[PDB]
>>> print(open('structure.pdb').read())   # PDB, C-alpha atoms and all ligand atoms
ATOM      1  CA  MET A   1      -0.328  12.556  18.248
ATOM      2  CA  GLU A   2      -0.732   8.922  17.461
ATOM      3  CA  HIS A   3       2.440   8.038  15.403
ATOM      4  CA  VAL A   4       1.132   6.500  12.130
ATOM      5  CA  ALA A   5       2.020   7.606   8.583
ATOM      6  CA  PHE A   6      -0.594   8.035   5.853
ATOM      7  CA  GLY A   7      -0.360   5.168   3.372
ATOM      8  CA  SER A   8       1.564   2.829   5.728
ATOM      9  CA  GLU A   9       1.441  -0.789   4.472
ATOM     10  CA  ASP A  10       0.017  -2.238   7.661
ATOM     11  CA  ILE A  11      -2.192   0.700   8.662
ATOM     12  CA  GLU A  12      -5.199  -1.566   9.169
ATOM     13  CA  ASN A  13      -3.362  -3.464  11.903
ATOM     14  CA  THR A  14      -2.220  -0.301  13.643
ATOM     15  CA  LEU A  15      -5.666   1.329  13.622
ATOM     16  CA  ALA A  16      -7.427  -1.797  14.895
ATOM     17  CA  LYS A  17      -6.409  -0.656  18.520
ATOM     18  CA  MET A  18      -7.889   2.854  18.317
ATOM     19  CA  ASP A  19     -11.115   3.943  19.962
ATOM     20  CA  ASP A  20     -12.591   7.298  18.875
ATOM     21  CA  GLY A  21     -10.240   9.207  21.143
ATOM     22  CA  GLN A  22      -7.151   7.505  19.787
ATOM     23  CA  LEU A  23      -8.306   8.062  16.231
ATOM     24  CA  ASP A  24      -8.523  11.776  17.023
ATOM     25  CA  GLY A  25      -4.755  11.693  17.590
ATOM     26  CA  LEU A  26      -3.889  10.891  13.939
ATOM     27  CA  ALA A  27      -2.082  13.324  11.588
ATOM     28  CA  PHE A  28      -4.613  12.633   8.809
ATOM     29  CA  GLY A  29      -8.334  12.289   8.405
ATOM     30  CA  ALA A  30      -9.788   8.856   9.125
ATOM     31  CA  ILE A  31     -13.320   7.579   8.578
ATOM     32  CA  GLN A  32     -14.475   4.007   9.227
ATOM     33  CA  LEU A  33     -17.436   2.890   7.049
ATOM     34  CA  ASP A  34     -19.607  -0.255   7.140
ATOM     35  CA  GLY A  35     -20.137  -2.065   3.827
ATOM     36  CA  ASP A  36     -23.144   0.111   3.007
ATOM     37  CA  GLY A  37     -21.145   3.289   3.531
ATOM     38  CA  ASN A  38     -22.590   4.243   6.928
ATOM     39  CA  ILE A  39     -20.120   6.152   9.105
ATOM     40  CA  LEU A  40     -18.919   4.238  12.186
ATOM     41  CA  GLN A  41     -15.990   6.522  13.165
ATOM     42  CA  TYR A  42     -14.920   9.995  11.967
ATOM     43  CA  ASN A  43     -11.890  11.714  13.481
ATOM     44  CA  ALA A  44     -10.992  15.282  14.411
ATOM     45  CA  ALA A  45      -8.485  15.705  11.589
ATOM     46  CA  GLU A  46     -11.141  14.823   9.042
ATOM     47  CA  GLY A  47     -13.504  17.365  10.592
ATOM     48  CA  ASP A  48     -10.750  19.985  10.321
ATOM     49  CA  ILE A  49     -10.288  19.209   6.622
ATOM     50  CA  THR A  50     -14.000  19.156   5.726
ATOM     51  CA  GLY A  51     -15.773  21.277   8.309
ATOM     52  CA  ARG A  52     -18.088  18.450   9.397
ATOM     53  CA  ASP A  53     -18.658  17.945  13.162
ATOM     54  CA  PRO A  54     -17.638  14.259  13.773
ATOM     55  CA  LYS A  55     -20.375  13.217  16.161
ATOM     56  CA  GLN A  56     -22.956  14.703  13.928
ATOM     57  CA  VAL A  57     -21.977  12.575  10.919
ATOM     58  CA  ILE A  58     -21.491   9.231  12.635
ATOM     59  CA  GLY A  59     -24.477   7.077  11.646
ATOM     60  CA  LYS A  60     -25.044   8.980   8.417
ATOM     61  CA  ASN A  61     -24.482   7.434   4.985
ATOM     62  CA  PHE A  62     -21.272   8.856   3.543
ATOM     63  CA  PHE A  63     -22.184   8.500  -0.165
ATOM     64  CA  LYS A  64     -25.890   9.350   0.023
ATOM     65  CA  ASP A  65     -25.954  12.173   2.554
ATOM     66  CA  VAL A  66     -22.592  13.492   3.721
ATOM     67  CA  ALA A  67     -20.420  13.409   0.598
ATOM     68  CA  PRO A  68     -22.533  13.325  -2.598
ATOM     69  CA  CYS A  69     -19.543  14.633  -4.599
ATOM     70  CA  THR A  70     -17.979  11.204  -3.940
ATOM     71  CA  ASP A  71     -21.016   9.366  -5.382
ATOM     72  CA  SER A  72     -19.254   8.679  -8.675
ATOM     73  CA  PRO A  73     -17.428   5.739 -10.291
ATOM     74  CA  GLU A  74     -14.121   7.349  -9.268
ATOM     75  CA  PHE A  75     -14.802   7.112  -5.496
ATOM     76  CA  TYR A  76     -18.026   5.319  -4.508
ATOM     77  CA  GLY A  77     -17.671   2.935  -7.448
ATOM     78  CA  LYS A  78     -14.279   1.830  -6.112
ATOM     79  CA  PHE A  79     -15.684   1.518  -2.611
ATOM     80  CA  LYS A  80     -18.576  -0.652  -3.589
ATOM     81  CA  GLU A  81     -16.403  -2.892  -5.824
ATOM     82  CA  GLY A  82     -14.134  -3.413  -2.833
ATOM     83  CA  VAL A  83     -17.024  -4.200  -0.489
ATOM     84  CA  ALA A  84     -18.426  -6.645  -3.040
ATOM     85  CA  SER A  85     -15.049  -8.331  -3.489
ATOM     86  CA  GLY A  86     -14.144  -8.224   0.161
ATOM     87  CA  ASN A  87     -10.783  -6.609  -0.621
ATOM     88  CA  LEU A  88      -9.879  -2.907  -1.069
ATOM     89  CA  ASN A  89      -6.620  -0.974  -1.172
ATOM     90  CA  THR A  90      -6.589   2.116  -3.367
ATOM     91  CA  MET A  91      -5.071   5.602  -3.185
ATOM     92  CA  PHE A  92      -6.159   8.508  -5.428
ATOM     93  CA  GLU A  93      -6.478  12.273  -5.422
ATOM     94  CA  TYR A  94      -9.944  13.846  -5.289
ATOM     95  CA  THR A  95     -11.655  17.204  -4.779
ATOM     96  CA  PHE A  96     -14.209  17.688  -2.028
ATOM     97  CA  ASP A  97     -16.595  20.515  -2.986
ATOM     98  CA  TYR A  98     -20.032  19.993  -1.401
ATOM     99  CA  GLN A  99     -21.126  23.038   0.629
ATOM    100  CA  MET A 100     -17.484  23.849   1.243
ATOM    101  CA  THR A 101     -14.481  25.555  -0.366
ATOM    102  CA  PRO A 102     -13.201  23.068  -2.980
ATOM    103  CA  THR A 103     -10.443  21.136  -1.289
ATOM    104  CA  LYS A 104      -7.977  18.822  -3.087
ATOM    105  CA  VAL A 105      -6.997  15.759  -1.050
ATOM    106  CA  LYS A 106      -5.302  12.389  -1.282
ATOM    107  CA  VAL A 107      -7.611   9.513  -0.369
ATOM    108  CA  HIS A 108      -6.570   6.031   0.720
ATOM    109  CA  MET A 109      -9.351   3.474   1.084
ATOM    110  CA  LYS A 110      -8.409   0.196   2.720
ATOM    111  CA  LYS A 111     -10.451  -2.698   4.098
ATOM    112  CA  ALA A 112     -10.206  -2.967   7.864
ATOM    113  CA  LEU A 113      -8.460  -6.042   9.238
ATOM    114  CA  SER A 114     -11.341  -7.736  11.082
ATOM    115  CA  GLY A 115     -15.034  -8.094  10.213
ATOM    116  CA  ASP A 116     -16.311  -6.255   7.168
ATOM    117  CA  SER A 117     -15.585  -2.500   7.457
ATOM    118  CA  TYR A 118     -13.610  -0.061   5.407
ATOM    119  CA  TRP A 119     -11.310   2.841   6.130
ATOM    120  CA  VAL A 120     -11.226   6.126   4.222
ATOM    121  CA  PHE A 121      -8.077   8.103   5.011
ATOM    122  CA  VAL A 122      -7.619  11.673   3.807
ATOM    123  CA  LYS A 123      -4.834  14.257   3.771
ATOM    124  CA  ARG A 124      -4.455  17.632   2.059
ATOM    125  CA  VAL A 125      -2.377  17.985  -1.110
TER     126      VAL A 125
HETATM  127  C1  LIG A 201     -18.184  15.735  -1.530
HETATM  128  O1  LIG A 201     -19.444  15.865  -1.469
HETATM  129  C2  LIG A 201     -17.318  15.518  -0.440
HETATM  130  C3  LIG A 201     -17.769  15.663   0.844
HETATM  131  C4  LIG A 201     -17.070  15.233   2.042
HETATM  132  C5  LIG A 201     -15.893  14.468   2.006
HETATM  133  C6  LIG A 201     -15.319  13.969   3.121
HETATM  134  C7  LIG A 201     -15.920  14.180   4.382
HETATM  135  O2  LIG A 201     -15.308  13.717   5.480
HETATM  136  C8  LIG A 201     -17.082  14.974   4.450
HETATM  137  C9  LIG A 201     -17.654  15.439   3.289
END
>>> encode(input="structure.pdb", output="structure tokens")
Amino acid sequence: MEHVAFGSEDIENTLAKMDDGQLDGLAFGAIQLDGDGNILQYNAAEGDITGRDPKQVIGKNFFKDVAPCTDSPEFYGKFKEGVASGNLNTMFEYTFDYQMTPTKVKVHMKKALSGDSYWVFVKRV
């Protein structure tokens, strides 16, 4: 493992050092999105939760193609408000149910420290 707790206050600073391999050492799912919702990074824990193969989803649009069940005010609407504002820090439960067994999770979206990119962190509940 990497030693980082889900929901940690300074998670964006800790995950700024991780390349894709390091991200694969987290205890929770982690996705890095650009401001349009294209997938930049997608770790092994997330693939275990959702069934997606990480290298096959990087470059895809999370809200349009990968995760249409999240294209809603309750998930994508929060994301795009945060992108537009340039600030995002929200944690909520959600169900992932697209071409998969419905899976209840806790989601934490947080703007990355540098640049303009956005983390989506996920764990089972
Ligand atoms: C709903 O369509 C959710 C889909 C989904 C969520 C999270 C992922 O990493 C992959 C697909």
>>> closest_residue(input="structure.pdb", among="A:113, A:26, A:5, A:49", to="ligand LIG 201 (chain A)", atoms="only C-alpha atoms and all ligand atoms")
A:49
>>> atom_distance(input="structure.pdb", atom1="atom CA of residue A:68", atom2="atom CA of residue A:4")
28.7 Å
>>> residues_around(input="structure.pdb", residues="residue A:32", least_positions_apart="3", cutoff="8 Å", atoms="all atoms listed in the file", output="number ranges by chain")
A: 39-42, 117-120
>>> closest_residue(input="structure.pdb", among="A:1, A:57, A:112, A:66", to="ligand LIG 201 (chain A)", atoms="all atoms listed in the file")
A:66
>>> closest_residue(input="structure.pdb", among="A:64, A:125, A:50, A:73", to="ligand LIG 201 (chain A)", atoms="all atoms listed in the file")
A:50
>>> resolve_selection(input="structure.pdb", expression="the PyMOL selection byres (((chain A and resi 88-97) around 10) and not hetatm)", output="PyMOL selection string")
chain A and resi 7+9+49-50+67-70+74-75+78-87+98-112+118-125
>>> atom_distance(input="structure.pdb", atom1="atom CA of residue A:63", atom2="atom CA of residue A:33")
10.3 Å
>>> closest_residue(input="structure.pdb", among="A:47, A:52, A:16, A:10", to="residue A:28", atoms="only C-alpha atoms")
A:47
>>> build_atoms(input="structure.pdb", residues="stretch 73-106 of chain A", atoms="N, CA and C atoms", output="mmCIF file, keeping the file's coordinate frame")
data_model
loop_
_atom_site.group_PDB
_atom_site.id
_atom_site.type_symbol
_atom_site.label_atom_id
_atom_site.label_comp_id
_atom_site.auth_asym_id
_atom_site.auth_seq_id
_atom_site.Cartn_x
_atom_site.Cartn_y
_atom_site.Cartn_z
ATOM 1 N N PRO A 73 -18.245 6.922 -10.094
ATOM 2 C CA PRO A 73 -17.428 5.739 -10.291
ATOM 3 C C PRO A 73 -16.027 5.894 -9.702
ATOM 4 N N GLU A 74 -15.498 7.112 -9.674
ATOM 5 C CA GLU A 74 -14.121 7.349 -9.268
ATOM 6 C C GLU A 74 -13.899 7.237 -7.758
ATOM 7 N N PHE A 75 -14.969 7.197 -6.958
ATOM 8 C CA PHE A 75 -14.802 7.112 -5.496
ATOM 9 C C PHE A 75 -15.774 6.047 -5.005
ATOM 10 N N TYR A 76 -17.072 6.335 -4.920
ATOM 11 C CA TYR A 76 -18.026 5.319 -4.508
ATOM 12 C C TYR A 76 -17.950 4.045 -5.339
ATOM 13 N N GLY A 77 -17.738 4.180 -6.663
ATOM 14 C CA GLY A 77 -17.671 2.935 -7.448
ATOM 15 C C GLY A 77 -16.538 2.036 -7.014
ATOM 16 N N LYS A 78 -15.401 2.591 -6.637
ATOM 17 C CA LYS A 78 -14.279 1.830 -6.112
ATOM 18 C C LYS A 78 -14.617 1.223 -4.781
ATOM 19 N N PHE A 79 -15.256 2.011 -3.902
ATOM 20 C CA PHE A 79 -15.684 1.518 -2.611
ATOM 21 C C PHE A 79 -16.569 0.308 -2.761
ATOM 22 N N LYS A 80 -17.604 0.454 -3.580
ATOM 23 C CA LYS A 80 -18.576 -0.652 -3.589
ATOM 24 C C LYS A 80 -17.982 -1.875 -4.282
ATOM 25 N N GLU A 81 -17.079 -1.714 -5.258
ATOM 26 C CA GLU A 81 -16.403 -2.892 -5.824
ATOM 27 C C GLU A 81 -15.618 -3.579 -4.727
ATOM 28 N N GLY A 82 -14.900 -2.807 -3.895
ATOM 29 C CA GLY A 82 -14.134 -3.413 -2.833
ATOM 30 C C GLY A 82 -14.976 -4.110 -1.792
ATOM 31 N N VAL A 83 -16.092 -3.547 -1.404
ATOM 32 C CA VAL A 83 -17.024 -4.200 -0.489
ATOM 33 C C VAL A 83 -17.494 -5.509 -1.113
ATOM 34 N N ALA A 84 -17.894 -5.442 -2.380
ATOM 35 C CA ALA A 84 -18.426 -6.645 -3.040
ATOM 36 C C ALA A 84 -17.378 -7.746 -3.133
ATOM 37 N N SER A 85 -16.124 -7.383 -3.378
ATOM 38 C CA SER A 85 -15.049 -8.331 -3.489
ATOM 39 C C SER A 85 -14.530 -8.817 -2.143
ATOM 40 N N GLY A 86 -14.763 -7.998 -1.125
ATOM 41 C CA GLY A 86 -14.144 -8.224 0.161
ATOM 42 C C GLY A 86 -12.681 -7.912 0.241
ATOM 43 N N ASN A 87 -12.180 -7.005 -0.607
ATOM 44 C CA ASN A 87 -10.783 -6.609 -0.621
ATOM 45 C C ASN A 87 -10.738 -5.181 -1.167
ATOM 46 N N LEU A 88 -9.975 -4.300 -0.557
ATOM 47 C CA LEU A 88 -9.879 -2.907 -1.069
ATOM 48 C C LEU A 88 -8.596 -2.291 -0.596
ATOM 49 N N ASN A 89 -7.835 -1.704 -1.518
ATOM 50 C CA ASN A 89 -6.620 -0.974 -1.172
ATOM 51 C C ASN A 89 -6.351 -0.051 -2.349
ATOM 52 N N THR A 90 -6.769 1.205 -2.256
ATOM 53 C CA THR A 90 -6.589 2.116 -3.367
ATOM 54 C C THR A 90 -6.301 3.526 -2.858
ATOM 55 N N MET A 91 -5.437 4.249 -3.556
ATOM 56 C CA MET A 91 -5.071 5.602 -3.185
ATOM 57 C C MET A 91 -5.192 6.483 -4.421
ATOM 58 N N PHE A 92 -5.857 7.623 -4.302
ATOM 59 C CA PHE A 92 -6.159 8.508 -5.428
ATOM 60 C C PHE A 92 -6.371 9.905 -4.904
ATOM 61 N N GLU A 93 -6.099 10.907 -5.737
ATOM 62 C CA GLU A 93 -6.478 12.273 -5.422
ATOM 63 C C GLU A 93 -7.922 12.540 -5.780
ATOM 64 N N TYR A 94 -8.515 13.510 -5.085
ATOM 65 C CA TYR A 94 -9.944 13.846 -5.289
ATOM 66 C C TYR A 94 -10.171 15.257 -4.828
ATOM 67 N N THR A 95 -11.265 15.880 -5.283
ATOM 68 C CA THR A 95 -11.655 17.204 -4.779
ATOM 69 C C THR A 95 -12.965 17.111 -4.042
ATOM 70 N N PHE A 96 -12.986 17.604 -2.820
ATOM 71 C CA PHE A 96 -14.209 17.688 -2.028
ATOM 72 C C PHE A 96 -14.790 19.083 -2.163
ATOM 73 N N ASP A 97 -16.061 19.179 -2.637
ATOM 74 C CA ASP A 97 -16.595 20.515 -2.986
ATOM 75 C C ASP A 97 -18.068 20.691 -2.621
ATOM 76 N N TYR A 98 -18.606 19.875 -1.753
ATOM 77 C CA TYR A 98 -20.032 19.993 -1.401
ATOM 78 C C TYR A 98 -20.189 20.901 -0.184
ATOM 79 N N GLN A 99 -20.856 22.028 -0.417
ATOM 80 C CA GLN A 99 -21.126 23.038 0.629
ATOM 81 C C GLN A 99 -19.866 23.386 1.393
ATOM 82 N N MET A 100 -18.779 23.572 0.662
ATOM 83 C CA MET A 100 -17.484 23.849 1.243
ATOM 84 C C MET A 100 -16.607 24.468 0.173
ATOM 85 N N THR A 101 -15.524 25.140 0.566
ATOM 86 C CA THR A 101 -14.481 25.555 -0.366
ATOM 87 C C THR A 101 -13.892 24.325 -1.035
ATOM 88 N N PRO A 102 -13.770 24.264 -2.341
ATOM 89 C CA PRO A 102 -13.201 23.068 -2.980
ATOM 90 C C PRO A 102 -11.810 22.802 -2.425
ATOM 91 N N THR A 103 -11.621 21.554 -2.001
ATOM 92 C CA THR A 103 -10.443 21.136 -1.289
ATOM 93 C C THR A 103 -9.845 19.900 -1.940
ATOM 94 N N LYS A 104 -8.636 19.958 -2.460
ATOM 95 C CA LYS A 104 -7.977 18.822 -3.087
ATOM 96 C C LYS A 104 -7.297 17.999 -1.981
ATOM 97 N N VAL A 105 -7.526 16.680 -2.048
ATOM 98 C CA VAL A 105 -6.997 15.759 -1.050
ATOM 99 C C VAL A 105 -6.443 14.525 -1.749
ATOM 100 N N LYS A 106 -5.669 13.766 -0.977
ATOM 101 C CA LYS A 106 -5.302 12.389 -1.282
ATOM 102 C C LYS A 106 -6.129 11.478 -0.399
#
